[PDB]
Amino acid sequence: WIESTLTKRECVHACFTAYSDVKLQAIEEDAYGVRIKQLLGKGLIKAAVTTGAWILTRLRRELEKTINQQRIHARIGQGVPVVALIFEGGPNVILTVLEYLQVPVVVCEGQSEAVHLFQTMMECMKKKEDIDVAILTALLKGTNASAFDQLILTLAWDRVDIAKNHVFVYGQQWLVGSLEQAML
């Protein structure tokens, strides 16, 4: 969990460590903390750098998720997508956060019995375990969302490698228009 994700990132009223406290290891405010070791360790790093995520590592936490997901991107209708990574005990990678400086959102806010909590709220796709980079972000293309929205999620990210392999699969059945709109 928290000790494993911090060792991954290290290997690659206000307080500052050198009641909300920033840091200056889980640098709260990236990680807003509230073989297989380096694959699950170095996989979510390449999944969190290329999208600019908030790794989370309980009521304030779930309120922060259900209010973080109701946010809007720049030109995109959808909300910030939340993934539960319960492989290491519950880290919850939020895929495209708003790069905040240290918080008004937070003002406005075993584990196998916590898997089932997520699957009754909207979706909250849970990945529990191929590369951990593309599985963690490609877990969001498994709900009932439209193929166009699966493209715009990849387009808010910088990730072409998902969009070729998992959004332009043969037999995708695109709409006759609106691929023109993602072109816009």
# chains A, B, ... in the order shown; residues from 1 in each chain; ligands from 1
>>> residues_around(residues="stretch 29-33 of chain A", least_positions_apart="4", cutoff="8 Å", atoms="only C-alpha atoms", output="PyMOL selection string")
chain A and resi 2+20-23+52-57+101-103
>>> residues_around(residues="stretch 81-94 of chain A", least_positions_apart="6", cutoff="9 Å", atoms="only C-alpha atoms", output="PyMOL selection string")
chain A and resi 1-2+4-5+31+40+44+48+52-57+65-66+68-69+111-112+114-115+118+123-129+136-137+139-140+153
>>> write_last_selection(atoms="N, CA and C atoms", output="compact mmCIF listing (two decimals), in the first residue's frame")
# COMPACT_ATOMS: atom_id res chain seq x y z
N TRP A 1 0.83 -1.19 0.00
CA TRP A 1 0.00 0.00 0.00
C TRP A 1 0.87 1.24 0.00
N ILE A 2 0.78 2.01 1.08
CA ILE A 2 1.44 3.31 1.14
C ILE A 2 2.96 3.16 1.14
N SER A 4 4.52 0.62 -0.17
CA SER A 4 4.94 0.01 -1.43
C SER A 4 4.87 1.01 -2.59
N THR A 5 3.88 1.89 -2.59
CA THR A 5 3.80 2.90 -3.64
C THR A 5 4.85 3.98 -3.46
N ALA A 31 0.96 12.20 -5.57
CA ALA A 31 0.32 11.28 -4.63
C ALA A 31 -0.29 11.95 -3.41
N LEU A 40 4.53 -4.14 -10.68
CA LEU A 40 3.44 -3.38 -10.09
C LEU A 40 3.92 -2.08 -9.48
N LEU A 44 2.51 1.54 -12.40
CA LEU A 44 1.65 2.67 -12.09
C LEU A 44 2.40 3.99 -12.14
N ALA A 48 0.89 6.88 -14.22
CA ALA A 48 0.52 8.10 -13.53
C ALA A 48 1.28 9.32 -14.02
N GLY A 52 -0.96 12.35 -15.50
CA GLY A 52 -1.01 13.35 -14.46
C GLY A 52 -2.06 13.02 -13.42
N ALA A 53 -1.80 12.01 -12.61
CA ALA A 53 -2.83 11.45 -11.75
C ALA A 53 -2.70 11.92 -10.31
N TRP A 54 -3.69 11.54 -9.51
CA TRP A 54 -3.65 11.66 -8.06
C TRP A 54 -3.73 10.26 -7.48
N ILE A 55 -2.59 9.69 -7.10
CA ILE A 55 -2.61 8.42 -6.41
C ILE A 55 -3.04 8.66 -4.98
N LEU A 56 -4.00 7.88 -4.49
CA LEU A 56 -4.54 8.20 -3.18
C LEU A 56 -3.91 7.42 -2.03
N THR A 57 -3.52 6.17 -2.25
CA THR A 57 -2.89 5.29 -1.24
C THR A 57 -3.61 5.20 0.11
N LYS A 65 -13.56 11.26 -3.91
CA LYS A 65 -13.68 10.58 -5.19
C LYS A 65 -14.99 10.92 -5.89
N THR A 66 -16.11 10.83 -5.17
CA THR A 66 -17.39 11.06 -5.81
C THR A 66 -17.63 12.52 -6.13
N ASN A 68 -14.63 14.37 -7.02
CA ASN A 68 -13.59 14.54 -8.03
C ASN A 68 -14.04 14.01 -9.38
N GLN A 69 -14.84 12.94 -9.39
CA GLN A 69 -15.33 12.37 -10.64
C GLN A 69 -16.44 13.21 -11.27
N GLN A 111 -10.34 -5.86 2.52
CA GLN A 111 -10.49 -5.12 1.28
C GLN A 111 -11.44 -5.79 0.30
N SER A 112 -11.65 -7.10 0.43
CA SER A 112 -12.56 -7.80 -0.46
C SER A 112 -14.02 -7.45 -0.19
N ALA A 114 -14.44 -4.22 0.34
CA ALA A 114 -14.35 -2.87 -0.19
C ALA A 114 -14.28 -2.85 -1.71
N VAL A 115 -14.04 -4.00 -2.34
CA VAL A 115 -14.20 -4.12 -3.79
C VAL A 115 -15.65 -3.90 -4.17
N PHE A 118 -17.28 -0.25 -4.46
CA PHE A 118 -17.02 0.52 -5.66
C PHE A 118 -17.90 0.12 -6.83
N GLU A 123 -19.47 3.56 -11.89
CA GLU A 123 -18.74 2.36 -12.28
C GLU A 123 -17.65 2.02 -11.28
N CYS A 124 -16.67 2.92 -11.12
CA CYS A 124 -15.45 2.73 -10.33
C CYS A 124 -14.79 1.39 -10.61
N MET A 125 -14.32 1.23 -11.85
CA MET A 125 -13.65 0.02 -12.32
C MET A 125 -12.47 -0.35 -11.44
N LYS A 126 -12.44 -1.59 -10.98
CA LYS A 126 -11.44 -2.05 -10.03
C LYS A 126 -10.50 -3.04 -10.69
N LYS A 127 -9.21 -2.74 -10.67
CA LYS A 127 -8.19 -3.61 -11.23
C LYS A 127 -7.42 -4.25 -10.09
N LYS A 128 -7.45 -5.58 -10.02
CA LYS A 128 -6.79 -6.33 -8.95
C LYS A 128 -5.88 -7.37 -9.58
N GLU A 129 -4.58 -7.09 -9.57
CA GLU A 129 -3.59 -8.03 -10.09
C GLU A 129 -2.23 -7.80 -9.44
N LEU A 136 -3.99 -0.69 -16.29
CA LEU A 136 -4.54 0.25 -15.32
C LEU A 136 -5.35 1.33 -16.00
N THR A 137 -4.85 1.86 -17.11
CA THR A 137 -5.60 2.86 -17.86
C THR A 137 -6.60 2.23 -18.81
N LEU A 139 -8.39 -0.27 -18.13
CA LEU A 139 -9.52 -0.77 -17.36
C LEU A 139 -10.74 0.13 -17.47
N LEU A 140 -10.56 1.39 -17.85
CA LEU A 140 -11.67 2.32 -18.00
C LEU A 140 -12.44 2.13 -19.29
N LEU A 153 -11.39 9.87 -23.76
CA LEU A 153 -10.57 9.59 -22.59
C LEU A 153 -9.11 9.43 -22.96
>>> select_by_dssp(residues="stretch 18-183 of chain A", states="helix (DSSP H, G or I)", output="number ranges by chain")
A: 36-48, 59-68, 86-88, 104-107, 115-118, 132-142, 147-156, 160-167, 179-183
>>> write_last_selection(atoms="C-alpha atoms", output="short mmCIF file (atom, residue, chain, number, x, y, z; two decimals), in the first residue's frame")
data_model
loop_
_atom_site.label_atom_id
_atom_site.label_comp_id
_atom_site.auth_asym_id
_atom_site.auth_seq_id
_atom_site.Cartn_x
_atom_site.Cartn_y
_atom_site.Cartn_z
CA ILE A 36 6.54 -8.32 -9.47
CA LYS A 37 7.55 -5.58 -7.01
CA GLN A 38 9.02 -3.55 -9.85
CA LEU A 39 6.29 -4.43 -12.35
CA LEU A 40 3.44 -3.38 -10.09
CA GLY A 41 5.76 -0.69 -8.77
CA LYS A 42 7.04 0.74 -12.06
CA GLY A 43 3.78 0.13 -13.90
CA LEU A 44 1.65 2.67 -12.09
CA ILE A 45 4.48 5.20 -12.36
CA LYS A 46 4.32 5.05 -16.16
CA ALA A 47 0.53 5.03 -15.78
CA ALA A 48 0.52 8.10 -13.53
CA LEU A 59 -15.60 9.31 4.31
CA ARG A 60 -13.34 12.17 3.22
CA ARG A 61 -11.73 9.78 0.74
CA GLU A 62 -14.95 8.54 -0.87
CA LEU A 63 -16.39 12.06 -0.80
CA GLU A 64 -13.23 13.26 -2.54
CA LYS A 65 -13.68 10.58 -5.19
CA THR A 66 -17.39 11.06 -5.81
CA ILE A 67 -16.84 14.82 -6.06
CA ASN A 68 -13.59 14.54 -8.03
CA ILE A 86 -6.75 -3.12 -4.99
CA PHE A 87 -3.75 -5.21 -6.03
CA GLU A 88 -1.62 -3.65 -3.28
CA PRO A 104 -11.40 23.83 -2.39
CA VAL A 105 -12.72 20.53 -3.75
CA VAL A 106 -11.67 18.97 -0.45
CA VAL A 107 -13.49 21.85 1.25
CA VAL A 115 -14.20 -4.12 -3.79
CA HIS A 116 -17.98 -4.45 -3.74
CA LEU A 117 -18.51 -0.89 -2.47
CA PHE A 118 -17.02 0.52 -5.66
CA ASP A 132 0.38 -2.86 -15.58
CA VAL A 133 0.68 0.45 -17.45
CA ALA A 134 -1.88 -0.25 -20.15
CA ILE A 135 -4.08 -2.45 -17.96
CA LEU A 136 -4.54 0.25 -15.32
CA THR A 137 -5.60 2.86 -17.86
CA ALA A 138 -7.27 0.38 -20.21
CA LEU A 139 -9.52 -0.77 -17.36
CA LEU A 140 -11.67 2.32 -18.00
CA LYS A 141 -12.56 1.13 -21.51
CA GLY A 142 -14.51 -1.83 -20.12
CA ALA A 147 -16.69 4.19 -28.43
CA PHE A 148 -16.41 7.93 -29.00
CA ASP A 149 -16.03 8.55 -25.28
CA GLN A 150 -13.40 5.81 -25.14
CA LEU A 151 -11.49 7.88 -27.66
CA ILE A 152 -11.88 11.16 -25.79
CA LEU A 153 -10.57 9.59 -22.59
CA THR A 154 -7.45 8.63 -24.51
CA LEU A 155 -7.39 12.10 -26.03
CA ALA A 156 -7.43 13.90 -22.67
CA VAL A 160 -2.01 6.96 -28.37
CA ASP A 161 -1.00 3.41 -27.46
CA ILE A 162 -4.36 2.80 -25.83
CA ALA A 163 -6.28 4.45 -28.66
CA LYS A 164 -4.77 2.34 -31.44
CA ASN A 165 -4.86 -0.98 -29.64
CA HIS A 166 -8.05 -0.69 -27.59
CA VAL A 167 -10.21 2.02 -29.20
CA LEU A 179 -15.02 11.08 -35.36
CA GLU A 180 -14.74 14.38 -37.19
CA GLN A 181 -15.50 16.01 -33.83
CA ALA A 182 -12.63 14.23 -32.09
CA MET A 183 -10.61 15.40 -35.06
#
>>> closest_residue(among="A:73, A:175, A:34, A:10", to="residue A:99", atoms="only C-alpha atoms")
A:73
